[PDB]
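Novice: Here's my sequence, what's the structure:
(chains A, B, C and D)
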Amino acid sequence: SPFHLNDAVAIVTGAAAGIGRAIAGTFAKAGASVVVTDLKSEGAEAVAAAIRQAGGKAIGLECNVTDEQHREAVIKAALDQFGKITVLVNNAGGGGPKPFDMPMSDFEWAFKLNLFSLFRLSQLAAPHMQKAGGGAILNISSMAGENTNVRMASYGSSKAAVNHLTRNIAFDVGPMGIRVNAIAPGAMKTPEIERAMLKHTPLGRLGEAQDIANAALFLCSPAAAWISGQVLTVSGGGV
Amino acid sequence: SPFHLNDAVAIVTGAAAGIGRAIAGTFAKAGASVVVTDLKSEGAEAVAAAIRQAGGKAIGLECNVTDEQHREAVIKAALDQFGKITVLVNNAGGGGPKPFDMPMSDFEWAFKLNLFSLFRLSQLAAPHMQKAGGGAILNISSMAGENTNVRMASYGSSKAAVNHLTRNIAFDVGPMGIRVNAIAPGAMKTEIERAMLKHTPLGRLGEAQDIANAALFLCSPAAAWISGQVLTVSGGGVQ
Amino acid sequence: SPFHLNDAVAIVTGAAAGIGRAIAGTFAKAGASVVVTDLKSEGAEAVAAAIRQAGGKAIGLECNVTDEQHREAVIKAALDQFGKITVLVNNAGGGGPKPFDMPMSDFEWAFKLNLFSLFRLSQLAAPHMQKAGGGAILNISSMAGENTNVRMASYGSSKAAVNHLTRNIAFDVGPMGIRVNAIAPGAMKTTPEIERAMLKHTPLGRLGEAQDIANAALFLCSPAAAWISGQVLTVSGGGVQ
Amino acid sequence: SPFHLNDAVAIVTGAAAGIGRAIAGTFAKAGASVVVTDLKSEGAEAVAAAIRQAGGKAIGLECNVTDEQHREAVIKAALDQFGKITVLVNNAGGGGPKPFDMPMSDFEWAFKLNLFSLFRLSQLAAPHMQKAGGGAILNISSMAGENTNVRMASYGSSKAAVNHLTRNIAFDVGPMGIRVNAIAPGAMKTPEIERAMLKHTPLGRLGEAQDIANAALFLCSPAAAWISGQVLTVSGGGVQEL
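Specialist: Residues are numbered from 1 along each chain as shown, chains lettered A, B, ... in the order given. Next up is the structure itself:
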């Protein structure tokens, strides 16, 4: 099975809770040395210490992905601690339903958060994945980059931009041996309203962050060695 | 024939040359009063004067769509000259192939020009279209919003963002009686041409009047129940 | 102003009611000579007579699109009265929610009715459009060729096949001067809190009239769409129903 | 780890050589009892006994998926041999460029081979996956179900129909605990025109059948337990033209 991450160094952003924490833990179990980062230093340090206790190699840092100070800090810290960069999980991001008439300061924020930060991070990491022989980029998107709904003028445009950025920079950094893929998570179990939302999920249950973690582990692994420019929706079969 | 634009006021950005100029002319022939705008005052004024000579109502303005001063100026000038806003054709834009290692500022410029400008323009124009009993917005995207290619890190992401912005803000301004659609133009007329036509099954390149008539359909009462759609005018292939 | 239908002969299949009748009538107003066909001859004859009453050129025929005898009859038919074929609207189709364990003959039926019929009709009509100088093929698909939902194992597959067949045979009959486009209609109008519930997902706050699909088709089969081919236009008011 | 298939029974169709052969050999390493089937008994028997020699559980039967004779035969043979059905890999397909003016006996072929077959197969397998507590159906499709090209009147329509049939019957058999996914492979390794097709493949190399085999293993494993109605393109990041 080429589903292990041995000799891998994986930078996981927004990885103190939820999908990022699960991705970091599962990647570490797979043999990858994990640079856990978050907007909060305390959560990232906690997750990294938990990983080290489990028997893995990890460090914990504070990173605001929108701050190039912090981005170069994370890149340099990964290089100092582990010597190379081979996996970049851009899970950091946010945004939500904003009105059509929103202040433009919110529209620009949605793209500086969900898109600009991760593109700059991929720019920063791609050269180090090149003398490393190749790497894997994984941007964690959302199901709003494909679906059309109200109040999604900022979030949805940003997530679809993430998707097509994946599909396109698959072509630029391919020669570097780098694979760009994305994961679109659905409803994650971090109640008649819950069952009403399950009525459109054919598998009859909500997803666990382990689902996203395993999809990511596949996409970042040598098993996905000839997979690039792909958005994989983990939704149980619906919206 | 509900393919006329009588009692219509159409703002057309980047309309001194090419697709925008042909859209302005075709919309004026359809009976619409056209606020031609451009980054260069002289071209917009020339196109507007030619339209007025041909027998239509038009004005010409300088507008950097990235400048909110210019945007409010165009909105107020349209409301002064013609009393209402019913059609907004965001043809203004640009960018192109930039390297993956491009300076970020390039990546922010691609979106401020190709996305943020037209979203702020739609924001400014939506209340007046609602007041005027509804209207139509048409974003002039590019085929890079769908295709995947090299050097398209910023252009492709911005264009797919325009596509999904169209699809989604069709839902917000729908209740206002506003339809949002987008045109993706192929290769435009203005042995690699033979590769172009190896791809284009119709064996010829497209004239700006093709995009003009597609826009005229999408901004006319004949498309009164069409919104959230991206029409690709490529002759049936990719160039 | 290329939205006029002069010197055109359109074959509109399933043109007795709804989208088909609206398409036949609006094409005839545009100046096209309309071969109205339907599964029944009385409905097609009623629509054709009504178009001739409006002041258009129209004939009415019985056609089961799955019967090649009927297909050849319709081609020869229009061909004998008008002399040419320049437009082909494949609106004739059917099917709906069938279970996953459906009898496989039902599954073959979905494709024979919604796909094999219109592909054979396009095959027959391409030489004459070619011969004419140019032509237009418009396949009336469904929003189920794109959307994913229960009980659509046969209908959704067939309509997605229609969509991609459009996109690809746009490459084949391109050199003939023929354009292949598709229309995906939304919810059509023909104290309804379920109707308002389905309107909650339609941003324009109303249901679409058959005239909307009629005008969209008219555009796509018009000289104004002269450089448009291989495209599926969804007329849904901006949502899903 | 959930990248296994212990306590699994797999019906792979089209596995004398290529993607199906790799899928049968790789699913068996995951511990799955594999029912290797194909058009010729010789190749399916050969592959099946090779999975046996390595240490897996397998058999090799004749199956022409357009023949309901063989269709029920493989269902009842997998139950005879292993007792349950939990995984169904529909790789058996084929076809290619045909003229626009083709007969109905080429178009109908393409659809009875690429689509009707795997649908009847999924129909047959679904009640046993329901009986066995859920399972995975995996249709092998094509990049022509997304991309447009000349002569693709029958191949492209059929594979796009496969894509959408996946996306839709994900809703039908979901309640049964079944996940339906699809793989779209690129150019498979089995030259300078090769470098010309590689100029559109960013990873600068062609794909091996093990790539599709491992994407399939992921898509039919417990690690993809909440993934359904998806089409995964294994293409190296681009399209390859032959």
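Novice: Alongside chain C, which residues does chain A contribute?
Specialist: Residues of chain A lying close to chain C (Cβ under 8 Å from any Cβ of the partner chain) are A:148, A:150, A:202, A:238. To be clear about C-beta, it is placed using only N, CA and C from the backbone, and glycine gets the same treatment.
Novice: where exactly do the helices run in chain A?
Specialist: Ranges of helices in chain A, per DSSP state H, are A:18-29, A:41-54, A:68-82, A:104-111, A:117-125, A:128-131, A:155-172, A:192-198, A:209-219.
Novice: Please identify the deepest-packed of those helices.
Specialist: When neighbours are counted by mean count of other Cβ atoms under 10 Å in any protein chain shown, the highest per-stretch mean among the helices of chain A falls to helix A:155-172, a mean of 28.
Novice: Any idea which residue is closest to the centre of chain A?
Specialist: Central residue of chain A (Cα atoms, centre = their mean): residue A:91, 2.8 Å from the mean position.
Novice: what's near enough to touch that one?
Specialist: A:12-15, A:19-20, A:23, A:140 (Cβ atoms under 8 Å, 6 or more residues apart in numbering or on different chains).
Novice: just those now: which is nearest residue A:68?
Specialist: Nearest to residue A:68 among the contacts of residue A:91: residue A:13, at 13.9 Å, using Cβ to Cβ.
Novice: does residue A:208 really touch residue A:189, like I thought?
Specialist: Yes: using Cβ atoms under 8 Å, residue A:208 makes contact with residue A:189 at a distance of 5.9 Å.
Novice: quick one, which of those two is more surrounded?
Specialist: Of the pair residue A:208 and residue A:189, residue A:208 is the one with more neighbours under other Cβ atoms under 10 Å in any protein chain shown, namely 15 against 10.
Novice: Would you enumerate the residues in contact with that one?
Specialist: Contacts of residue A:208 by Cβ under 8 Å, 6+ apart are A:188-189, D:226.
Novice: Recalculate using a threshold of 6 Å.
Specialist: residue A:189 (Cβ atoms under 6 Å, 6 or more residues apart in numbering or on different chains).
Novice: same question, residue A:144
Specialist: Contacts of residue A:144 by Cβ under 6 Å, 6+ apart are A:152, A:155-156, A:159.
Novice: do residue A:44 as well
Specialist: A:16, A:36-38, A:60-61 are the contacts of residue A:44 under Cβ under 6 Å, 6+ apart.
Novice: how about a cut-off of 10 Å?
Specialist: Contacts here follow Cβ atoms under 10 Å, 6 or more residues apart in numbering or on different chains; on that basis residue A:44 touches A:12-16, A:20-21, A:24, A:35-38, A:58-63.
Novice: ok, what's across the strand from residue A:138?
Specialist: residue A:89, residue A:181 (DSSP bridges).
Novice: my guess is it meets residue A:215, correct?
Specialist: Yes: look at residue A:138 against residue A:215 with Cβ atoms under 10 Å: they come within range, at 9.2 Å.
Novice: Find residues that contact each of these two.
Specialist: A:23, A:181, A:183, A:232.
Novice: so, if you compare those residues, which one comes nearest to chain B?
Specialist: Within the set of the shared contacts of residue A:138 and residue A:215, residue A:181 lies nearest chain B; the separation is 13.1 Å, counting by Cβ to the nearest Cβ.
Novice: how many other residues sit next to that closest one?
Specialist: When neighbours are counted by other Cβ under 10 Å, residue A:181 comes out with 24.
Novice: In contact with the closest residue to residue A:43 other than its chain neighbours: list those residues for me.
Specialist: Once flanking residues are discounted, residue A:43 sits nearest to residue A:16: 2.9 Å by Cβ to Cβ, 6 or more residues apart in numbering or on different chains. By Cβ under 10 Å, 6+ apart, residue A:16 lies in contact with A:24, A:36-48, A:60.
Novice: Much appreciated, bye for now.
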